[PDB]
């Protein structure tokens, strides 16, 4: 089905083997990012490439995409579904900032890194399951996800970064909470709905910050 290349601006990757998508020019309701342009694989969605694309409802990325750059989908206020590739390794900071219609997202088994504030103000996001491949999660990654009810952490997670769940006033379930973990500042500020058994096991792990 792939969206034709003429709706994208792109460059070459440093080693001349892949296409970096730098801008989406169209205004369709659905983009299927081509897996290749002129025989090269599409490996990256660059900084701000879909910035402010309020028309988009669905985005499909090919398995060749390894990287989603900073603020890539910042302001895609109608984005309701995005098919992430199994090639995806990293989502840079603010990549889905203010994607207020993103109700769910399925992370691939390849995802390594989630930058700061990636789902900041994703006010429709309900469930998130972080695969065990996820080694790095930046501060504020789920800041102001006011509808976020359930988060499953990666099994080996060593720290919960600063303000990770700040403003998650509907958060009630935190799966895969480790036997030992370090807490940044204000991890659970504004999390009014955390159950008591959860709050106690978190204090027992050593959190001294605010639950509200």
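In the working numbering, the protein residues as written are 19 to 230. All C-beta atoms, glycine included, are put in the ideal place defined by N, C-alpha and C.
{"Item": "CB contact flag (residue 82, residue 49, <9 Å)", "Value": "no"}
{"Item": "Own chain, CB closer than 6 Å to residue 169, minus 5 neighbours either side, in chain order", "Value": "146, 192"}
{"Item": "Residue 78 in three-state terms, based on DSSP", "Value": "strand"}
{"Item": "Exposed unless 16 or more other CB atoms sit within 10 angstroms - verdict on residue 230", "Value": "exposed"}
{"Item": "Where residue 214 sits in the DSSP three-state scheme", "Value": "helix"}
{"Item": "Distance between residue 118 and residue 143 (C-alpha atoms, nearest Å)", "Value": "8 Å"}
{"Item": "Neighbourhood of residue 225 by C-beta, 6 Å cutoff - its chain only, sequence neighbours within 5 removed", "Value": "201"}
{"Item": "Contact set for residue 36: own chain, Cβ-Cβ below 6 Å, skip 5 residues either direction", "Value": "58, 59, 61"}
{"Item": "Under the three-state DSSP convention, the category residue 206 falls into", "Value": "coil"}
{"Item": "Contacting residues, own chain, Cβ-Cβ under 8 Å from residue 211 (five flanking each side not counted)", "Value": "187, 188, 189, 190"}
{"Item": "Cβ-Cβ distance between residue 113 and residue 77 below 9 Å", "Value": "no"}
{"Item": "Assigned secondary structure, residue 142 (DSSP; H/G/I helix, E/B strand, else coil)", "Value": "coil"}
{"Item": "Nearest residue (CA-CA) to residue 44, options 84, 69, 215", "Value": "69"}
{"Item": "Contact under 9 Å by Cβ, residue 123 with residue 159", "Value": "no"}
{"Item": "Element boundaries [beta strand (DSSP E), containing residue 27]", "Value": "26-30"}
{"Item": "Pick from 105, 66, 103, 110 that is closest to residue 93, judged by C-alpha positions", "Value": "66"}
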